[PDB]
């Protein structure tokens, strides 16, 4: 059949769009038909002219990453580096449309390299899901909380949770009561995957098992916002979520002077009064930094991460202090307790994003040490954030 004939068929059969994929056979043609169909529903039918769609691998997207596809959005990818981190050198891909961001981050990388590099450590690793359940009375929910805190109750819960996956290993439970409601924060490792779907599956089976001991328990929602996913929350800041990371470096006074165009003293004064006092006056929870979100977002988009997780992933406290023999060298550290990231699944299944992951040497699963690729990616993110903090802070300090 012809395009116009498919169009007539879809319009004359009230067959909702998007079903084009199962209707036709080729992937790009279904996309071309949906764009044509959509075009007649717009005040400017030619508005899709510059929205590219051709020569793109839609097989990996369909049934996995997006629906009602009408094309793709190209985000410029720049590179910042080398980032000298833990005695290795990384060339960091950054997808952004903000001018000077890559340049500024690159300058930061330069100052770190000339300073002998940066060191980083993964402090914790565990994705979470925090469902909300209800009991008839608060006295009952209290009983469930006490039961879940015994070694016997936990083991049975861990047992049912762990049985849904090879990588699902329940670490701990933080429960919280609000009258007859009970919020249960399940935390578990997830190999190299960010882990949402995996932890969710585990949580559902665990809640099913919990319901066998407490038949009167009502499962209100698999997510009761106690995770907390994609919303700002003190719980992620205080207890961590995903990967908690810290990185540090010392920048020689000469480098601060020549590369950063400022002094260690001026940098410290700006850090304390902007990142600590300013954030405090603004009523911030977890936003004790200059622009971690810029770096997190740019790397996330380039590497197939869930960019909406930039909300909590960007949590960061940037600290600066005088170091060295004469207290003229700049010590800097960035602590990020909740980097939600992965190197397998979701958008990391797509080839262009796998390319950016390969650039860093962390694409896909780490066979001999599950989770190591994801941990390495989190360290790179924390290191690039520190590079970004150094540069922007120097620019603010200099004027």
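The term rigid core refers to the maximal set of C-alpha atoms that superpose within 1.5 Å between the two forms. Numbering follows the first chain given and starts at 1.
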property	result
Farther-lying stretch by C-alpha RMS in 7 other deposited structures of this protein, rigid core as reference, of 302 to 310 and 164 to 172	164 to 172
Given 344 to 352 and 25 to 33, the range whose Cα B-factors average higher in the PDB entry	25 to 33
Between 57 to 65 and 353 to 361 (mean CA B-factor, as deposited), the higher	57 to 65
Top Cα B factor in the deposited entry, candidates 334, 330, 70, 42	42
Deposited CA B-factor, highest of 231, 185, 241, 205	205
B-factor third for the C-alpha atom of residue 160 within its chain	highest
Third of the chain's Cα B-factor distribution that residue 140 belongs to, per the entry	middle
Third assignment of residue 338 from its chain's C-alpha B-factors	lowest
Assigned third (lowest, middle, highest) for the C-alpha B factor of residue 278	lowest
Assigned third (lowest, middle, highest) for the C-alpha B factor of residue 224	lowest
